[PDB]
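Novice: Got a structure here, written out as structure tokens. Questions coming.
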Amino acid sequence: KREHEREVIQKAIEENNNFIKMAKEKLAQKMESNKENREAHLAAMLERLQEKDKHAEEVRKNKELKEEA
Amino acid sequence: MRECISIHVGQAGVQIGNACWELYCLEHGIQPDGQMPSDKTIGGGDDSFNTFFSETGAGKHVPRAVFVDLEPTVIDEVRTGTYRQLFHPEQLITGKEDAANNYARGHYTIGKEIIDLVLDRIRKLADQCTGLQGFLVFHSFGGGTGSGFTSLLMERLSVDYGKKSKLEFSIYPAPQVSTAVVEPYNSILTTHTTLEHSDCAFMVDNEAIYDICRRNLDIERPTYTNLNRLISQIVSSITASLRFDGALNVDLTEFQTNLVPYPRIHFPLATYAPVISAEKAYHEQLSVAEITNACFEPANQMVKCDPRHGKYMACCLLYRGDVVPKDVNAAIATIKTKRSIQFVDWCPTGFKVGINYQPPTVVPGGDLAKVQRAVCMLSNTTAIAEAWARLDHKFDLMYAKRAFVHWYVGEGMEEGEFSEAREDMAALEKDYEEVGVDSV
Amino acid sequence: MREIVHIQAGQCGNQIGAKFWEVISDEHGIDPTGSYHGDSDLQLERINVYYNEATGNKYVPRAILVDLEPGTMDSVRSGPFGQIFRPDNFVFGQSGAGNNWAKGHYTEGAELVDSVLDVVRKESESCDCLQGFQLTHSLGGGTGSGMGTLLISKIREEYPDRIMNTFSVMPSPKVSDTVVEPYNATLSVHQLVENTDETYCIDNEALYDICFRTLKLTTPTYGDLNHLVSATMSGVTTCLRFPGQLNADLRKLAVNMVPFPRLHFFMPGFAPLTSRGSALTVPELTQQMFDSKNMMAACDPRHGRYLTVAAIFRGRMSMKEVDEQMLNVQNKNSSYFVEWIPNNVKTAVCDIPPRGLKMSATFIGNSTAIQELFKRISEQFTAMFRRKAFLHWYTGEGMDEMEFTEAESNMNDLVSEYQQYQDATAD
Ligand SMILES: Nc1nc2c(ncn2[C@@H]2O[C@H](COP(=O)(O)OP(=O)(O)OP(=O)(O)O)[C@@H](O)[C@H]2O)c(=O)[nH]1
Ligand SMILES: Nc1nc2c(ncn2[C@@H]2O[C@H](COP(=O)(O)OP(=O)(O)O)[C@@H](O)[C@H]2O)c(=O)[nH]1
Ligand SMILES: COc1cc(S(=O)(=O)Oc2ccc3[nH]c(C)cc3c2)cc(OC)c1OC
Ligand SMILES: [Ca+2]
Ligand SMILES: [Mg+2]
Ligand SMILES: [Mg+2]
């Protein structure tokens, strides 16, 4: 009976510690996944905008080509 | 001992916190400067009201509360309001930019910049407690902060405080006094995220409170102040057992044992009576039987649903004022034979009764009449799933077209979280159906 | 607080922008020298949204004036409120745009865009919490349409997490006879779809029709049209400038009004629209702001469905009446509101009415009927593009037929997207 009493209080501690561990890992995963996703969206937006600057630096390149002809 | 720390998140949580703490001071005789002449022990004490108020050496009674909002405007009113001296400045935490009604900004983008600071302040309050019992979290479902930051805070509190009790006072969105069109999204996301981290959640449907103020107080266009003063009465009844003490007083956790048969079934339905104006309460003394009977009228419930169409799993009656058990038993006997009270076959049908002798208090100049006695009923009924169904249906209409989802994905969330949250809500609705089915 | 940076580009943008600053300064009690001679403290609670606090209680508009020729620039400085603007915020070129989109976007505006961004950087760095940017411009000229969209992309590059708002003026044959205006608008629309969070469609055809039909003006001038624009801009910014339970900002408007990022083109509406030489009630005011004749875009809302609607009532009036009337119009016209967006109509009441009015109402709607405005521009575009008329203006600046075709197809895709959600149902 004393052995069972130890096992019950040890099981209660294990399940409370596991609950704290599961929450800490779940939150760490979500915050890391969110940071990667949001950065990837901002990087994609800047990629399109920086590509537009490449197209702008190229349109001006065509006019300088034809004005000297 | 058994201190309770209140956390008020977002505009709805903060403003309800203003009404609740103002009502607490009136009930306990605390002046706006924090002084309580009736308290003869200076700098501390083990009185019942010390579960909600800490005492300084100067005799100031300081609420065990933290007010959090991602924008300063609502909390700045606390900082300059009538009860400004009641709160230490560290208890009032603000950012510079709110969540823009976006759960993702409340939970991830804006919230993560202040979440550590909030936890440090909560830790400061917790270290002042000899016997910290749990937390009361006040927030709205529909706000970006009230949904996003609350769920982040709830997850962090589970890590920092384990399975220590966390009770919710949640504002259920209503179109009459709504704020955003994406509130069904925020409500489902926060309910899914908080579900395993909350032990008990008292939902308040803004439409139900709006209807009660219009009907029972003859207010054509009720304000947030009107709703909050009524909400604070329900909150005061629930917390009265912790803040007061008596022979017939029954602790809230003892009610919580009856209210939660399964971990996910922890959304009690609250009903309050009497809600009456001073003009109608004049020369009208409402008896124990009359207010008890009003608890089973659906028009007095905090969440619009029909308990007659569902099954009861618990029924608790929290009386305050001039009430004796003899009247309560007679009142309950009449109701049992005249009302549609069907219990599930796996729980006893008895009613659990608590009585606080401290009479209800009203805010001077308010629209609620001061009555000799009042009662709040906390029932666990399957009918509250109707609130989830209506909310989940509004979610389905928008998510079928993926409308407004890009505002959430742009902040780092994924479509998988939406469907995962909605499926969790579908599981909750199925769980409420299952508990109501009779045994084989 | 929440600060907004204002940018006016081109002749049209600088003209309507100046009138905007004149009206709101009077609403906030600001004289042309920048001092506060107002009567109510409600005019200064949210004053720093558009103004800066200088030395000696001088409120300076947080505005930047841009043009490729100093013509419109010098007339604004010599106007009534020309001395309130910060002198260093006047950024004007010399070569001019000549109503050429390629000049403003690629050739001439690019030579000046870097100097404009420097003034933007100074103003944005001085903000405690920058909301975003509002741009007043036209889609028919060269500087407003070409350099205006180039500024948007450049600002979006350094401030990708800030809201981009535009007051875009649509070209109309009834107002300007410039033939290359359908080209300038389509190229600009191809830019506004990709790089703006919210755009107010100020249609000159609708403005001309309001003046000609309702105002009974035989010969409407630009001042007559701008009187409609100034009232519209005063309204749609009232919740930004005045306090209330709303705590309105640019992002909250975008989140609740824009169900899909590309469909961010709003149809403004104003009421009452009375003429000089003619007591309005709330039911008459609500029904008037939902009327097709009161729309600042030449679109019939009965020809489409409302995705989202935001309404503002200015003046001392019964709030209970406004709630009933706004509910009344939704019930009687439930077919014209999408069923898959619950509670898609928002209402606010402001106690401060505009100058010279007791009550008013300004309408912001995201209606699928806005495709009527885009169809007209597309029809005028493809009529010339099929003949390849006046293409030497743009090809000589470095462009080719690909950019025109991409602009045409993208705007054609925009209309079909507005049609997709008009035909969408709940079941
Ligand atoms: N009962 C009650 N409800 C409120 C009150 N204030 C706001 N609400 C409700 O809260 C919902 C909107 O959430 P808010 O609390 O205002 O938003 P928030 O928590 O500040 O988060 P943000 O989006 O960042 O502003 C609406 O459905 C309102 O009905 C209040 O004082 N009393
Ligand atoms: N409503 C209104 N429209 C204008 C005004 N000025 C120009 N426009 C419109 O803008 C178009 C020409 O754009 P413009 O002002 O020349 O742009 P810019 O080349 O950048 O200066 C025409 O189709 C006009 O209808 C104005 O003051 N009010
Ligand atoms: C200055 O512009 C405004 C800003 C705002 S907001 O910041 O409160 O955003 C919201 C909040 C709830 C919403 N529900 C819907 C359908 C749209 C919407 C927008 C509201 C407005 O209308 C009253 C505005 O126009 C005057
Ligand atoms: Ca004491
Ligand atoms: Mg807020
Ligand atoms: Mg011109």
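Quick check of the header: X-ray crystallography, 2.6 Å.
Placed from the backbone N, Cα and C atoms, the Cβ positions cover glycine too.
Annotations for this protein, taken from Swiss-Prot, read as follows:
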MOD_RES   B:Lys40  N6-acetyllysine
MOD_RES   B:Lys40  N6,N6,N6-trimethyllysine
MOD_RES   B:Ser48  phosphoserine
MOD_RES   B:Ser232  phosphoserine
ACT_SITE  B:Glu254  active site
MOD_RES   B:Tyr282  3'-nitrotyrosine
CROSSLNK  B:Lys326  ubiquitin cross-link
CROSSLNK  B:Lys370  ubiquitin cross-link
MOD_RES   B:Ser439  phosphoserine
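A description of the local structural setting of each listed feature is requested, covering burial, neighbours and distances.
Specialist: In the three-state DSSP assignment, the secondary structure recorded for B:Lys40 (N6-acetyllysine) is coil.
In this chain, none of the residues that are 6 or more apart from B:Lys40 (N6-acetyllysine) has a CB less than 8 Å from its CB.
Around the Cβ of B:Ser48 (phosphoserine), the number of neighbouring Cβ atoms within 10 Å comes to 18.
Spatially close to B:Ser232 (phosphoserine) yet at least six residues away along the chain are B:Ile16, B:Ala19, B:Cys20, B:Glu22, B:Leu23, judged by Cβ distances under 8 angstroms.
In sequence order, B:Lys352 constitute the residues six or more apart from B:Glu254 (active site) in its chain with CB-CB distances below 8 Å. For the recorded site, B:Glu254 (active site), the DSSP three-state label reads helix.
Within the same chain, residues at least 6 positions away in sequence whose Cβ sits under 8 Å from that of B:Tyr282 (3'-nitrotyrosine) are B:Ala369. According to DSSP, B:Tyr282 (3'-nitrotyrosine) is assigned to coil rather than to any helix or strand.
Counting only residues at least six positions away in the same chain, no Cβ atom sits under 8 Å from the Cβ of B:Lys326 (ubiquitin cross-link). Mapped onto three states, the DSSP output places B:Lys326 (ubiquitin cross-link) in helix.
For B:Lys370 (ubiquitin cross-link), the same-chain residues that are 6 or more apart in sequence and have a Cβ closer than 8 Å to its Cβ are B:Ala278, B:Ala281, B:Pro359, B:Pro360, B:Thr361, B:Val362.
Long-range neighbours of B:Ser439 (phosphoserine) (same chain, six or more residues apart, CB within less than 8 Å of its CB): B:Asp345, B:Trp346.
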Novice: Ligand 2: which of the recorded positions B:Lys40, B:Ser232, B:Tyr282, B:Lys326, B:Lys370 have a Cβ closer than 6 angstroms to it?
Specialist: none
Novice: Once the DSSP letters are reduced so that anything not helix or strand counts as coil, what is B:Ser439 (phosphoserine)?
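Specialist: The three-state answer is coil.
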